[PDB]
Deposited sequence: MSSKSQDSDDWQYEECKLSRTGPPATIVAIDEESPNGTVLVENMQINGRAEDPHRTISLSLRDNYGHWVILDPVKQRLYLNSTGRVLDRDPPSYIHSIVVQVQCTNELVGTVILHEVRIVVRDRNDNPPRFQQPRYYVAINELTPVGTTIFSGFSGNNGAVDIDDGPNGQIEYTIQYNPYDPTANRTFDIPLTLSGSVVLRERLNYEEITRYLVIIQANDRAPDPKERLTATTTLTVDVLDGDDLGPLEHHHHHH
C-alpha cells in the first residue's frame, strides 16, 4: 500500500462536505463562483465533470478547479417569476489510479438585491366618508393587506413604509389625515370634517421599501381621494 493514491479526489480544505457560496442575483456572465474546489489531484491523477447542472448555470475549468456562471442570454433572477434562491450541482471526481468516484456538492446561495420598487395594486385609491365621522377613526385600511403597494424583493428590500406627503394642490389633506404607523398604512382622521366647507381631499401617499442603505431605497406614489358626504343628525349639529 502506497496511500498517495486513495487520497486523490478527497478535499484538501476543511469545513462541511458541501462547498457553499453566496453570490448576488443578476450577477454578470462569467462570474467566478468557486475559485478553487480544493480537490487533491490533477485534471493525470483524476478527472472532473459536472452532474445535476440544469439550465447549464455552471461552467467547469478542470485544470484550475473553478466554476463560472453561464449567463449569456438571460439574467439570474431570484425574485418572482424566476424564484432562483439557490443552484446545486455536483462536481464528480473520477480517481484515475484506484477507480473511486466521489461527488462534491456545490450549493450556490443567490442573494437578493433591491432591484424592484413597490407597486400599488390600484392606479388610485378612493373613500367616501360622512362628515359626522368621529375624530380618531380609522377611515381607510386598504393599504394594509395585499391591495396596497407590493414589493417583490425579500425581507427589508420588499417591506413597505407608507407616509403622507405634502400636496401643494391641497395643503390641508396632510393635516386632516395621518398614517400614524408607517408599516400598516392605516389612515386616521385627525380633524373634524365639514361637508359645507371642503367636500374633497387629494391625499398623496408614498411607499418606500426598506433596503438597509437609504441611497438604494425605491419609491412609488398614489393618490387617495377622500370625498366628504353630507351629514345630518336628529340633534342640533347638522
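Going by the record, the unmodelled stretches of the deposited sequence, in order, are 1-7, 51-54, 250-255.
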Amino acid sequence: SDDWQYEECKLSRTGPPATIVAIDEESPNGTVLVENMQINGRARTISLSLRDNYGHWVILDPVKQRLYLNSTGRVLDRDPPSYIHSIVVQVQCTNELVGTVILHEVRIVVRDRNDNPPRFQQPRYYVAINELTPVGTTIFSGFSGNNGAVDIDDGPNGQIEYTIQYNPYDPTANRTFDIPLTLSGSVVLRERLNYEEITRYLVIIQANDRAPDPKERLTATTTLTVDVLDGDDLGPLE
From here on, numbers count along this sequence of modelled residues.
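The PDB entry reports B-factors from which the mean C-alpha value can be compared for 59-67 and 179-187; the larger average falls on 59-67.
Stretches 227-235 and 2-10 differ in mean C-alpha B factor, with the higher average recorded for 2-10. Per the PDB record, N167 has a higher Cα B-factor than any other of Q90, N114, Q159, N167.
Among all modelled residues in its chain, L97 ranks in the highest third by Cα B-factor.
Residue-level temperature factors show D209 in the middle third of its chain, judged at the C-alpha atom. Annotation for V127: CA B-factor lies in the lowest third of the chain's modelled residues. In the PDB entry, a CA B factor belonging to the lowest third of its chain's modelled residues is recorded for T133. In the deposited entry, the Cα temperature factor of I198 sits in the bottom third of values across the chain's modelled residues.
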